[PDB]
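Included below are structure tokens for two forms of one protein chain, each presented in isolation as structure 1 and structure 2.
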Structure 1
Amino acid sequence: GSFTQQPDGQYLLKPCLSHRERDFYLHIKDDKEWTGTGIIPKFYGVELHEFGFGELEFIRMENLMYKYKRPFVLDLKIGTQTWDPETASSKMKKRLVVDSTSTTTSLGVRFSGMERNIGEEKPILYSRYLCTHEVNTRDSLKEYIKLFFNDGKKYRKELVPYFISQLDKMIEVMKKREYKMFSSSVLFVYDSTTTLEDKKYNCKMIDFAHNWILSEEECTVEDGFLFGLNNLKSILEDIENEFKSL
């Protein structure tokens, strides 16, 4: 929402509309478990750029799809609720309904949108709003994730282990419960023209505008973030199992 959402430059320069995302990146900046594990985008720093009468703060981070020729993108929103203690009351009826009619309250993960580039471009776009109808069960979420790995010619079963390995690293850090994250996503991307060796594939946690730093502030409500990651991992392992029958 804060920038035109589509990437073949090196960077994303994301505006700071509140303190939370920038406080989080600054806080994990020296923690090798966040920054050497490859589980969040490479953080270049917070920067001031001219805006209005003065300056606006931005986060400079890596563009995860830099130099991708045929990008495939899947965004999965993580947690058992997508509201937090600061959510506006006028948004709450909708947040409550979407959380309960999607897989969010049951699995702690929900479909958020997908793009597949199968040579016939324009790309095929799958709306985030599919989550309360077409992708509203574990079985249908599994089918759409399989579809992400369908490059238009075959299932890219060889990429799935990378994705599980990434989720393992996320699980290991989030077990420590230093942060609560609401409305954050795991972004899965790959270039369908990649080989394994080219390493044009990525799996990162993103969007930290509603992150709470538990050593600094109270946040009583639960995020269910670790429950969601565990469920998503379990779905990917099911997919590995299912892709052997091919």
Structure 2
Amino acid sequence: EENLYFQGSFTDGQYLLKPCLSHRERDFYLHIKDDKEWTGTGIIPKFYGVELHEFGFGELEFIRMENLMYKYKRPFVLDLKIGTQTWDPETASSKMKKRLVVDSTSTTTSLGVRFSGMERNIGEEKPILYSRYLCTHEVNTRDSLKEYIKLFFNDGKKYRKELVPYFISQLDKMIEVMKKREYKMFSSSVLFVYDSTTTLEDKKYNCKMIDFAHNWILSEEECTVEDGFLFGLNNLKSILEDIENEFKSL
């Protein structure tokens, strides 16, 4: 939704404090907190609990989450929004027209995945930031999405082709859980991160599903519209396989 994932979030060492804009994300993490298919598989961030915090206007609700980039020296971050639509039954009618436009002009409709922002830290320079708004003109084809994902794997010196198998393995795990069709997830993302200083002795990379502000728990609530999530994951995997093959010449 309009709500950027890290907007209003706090960093406390190895944790993030993520503000609760609604109860959906909170309720999702509480719902799966004892389910092994979610918590033992390394596909979502670790969840530590709900907490209230006062910020000068009254107490706000936050969830305490794993900081996936804890101690990263040179972070690389890519957010890909997953699904064939980024609106759901609760989306305001006033905001419907724009979602319908962006979903069709981006790769959301065609692939169930779209570029949602990137950061590259490319030596000792200021980070290079790549806006989500690139998705509707610069990253609006499968080929351009593949090129931008390859740029994510470009650490400024070389393509980090040795990391790609990890990302494919993670997507495979996400596909296996999401095949069960127990949730619908709209406007959620797969977050790709690594520290370019990562080595075999100190592994620093991660791929997680995140941003569950529009998750529907189908055992507790009805949601008839389709999310296209599994379709998005399959297409993303296909792109990563293509990248792996393209990196073979390196």
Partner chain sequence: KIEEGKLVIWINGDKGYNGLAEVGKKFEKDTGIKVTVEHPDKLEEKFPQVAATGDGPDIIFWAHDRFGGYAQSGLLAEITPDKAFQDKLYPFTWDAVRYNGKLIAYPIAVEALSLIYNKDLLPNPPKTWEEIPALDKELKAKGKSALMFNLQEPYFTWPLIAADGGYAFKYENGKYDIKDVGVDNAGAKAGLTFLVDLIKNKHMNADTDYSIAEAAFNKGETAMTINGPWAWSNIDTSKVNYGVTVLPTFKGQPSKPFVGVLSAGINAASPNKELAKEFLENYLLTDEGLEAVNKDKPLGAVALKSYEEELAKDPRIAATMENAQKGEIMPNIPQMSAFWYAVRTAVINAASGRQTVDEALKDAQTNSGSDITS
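Here, residue number means position along structure 1's sequence, counting from 1. Basically, rigid core = biggest C-alpha set you can superpose within 1.5 Å across the two forms.
- Shown as structure 1 is the form deposited without its partner chain, with the alternative form given as structure 2.
- For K42, the Cα coordinates differ by under 2 angstroms between the two structures after the core has been superposed.
- A movement of the C-alpha atom of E57 reaching 2 angstroms or beyond is seen between the two structures when the two forms are aligned on their rigid core.
- Aligning the rigid core leaves the CA of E120 displaced by 4.0 Å between the two structures.
- Look at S18: with the core superposed, its C-alpha moves 1.0 Å between the two structures.
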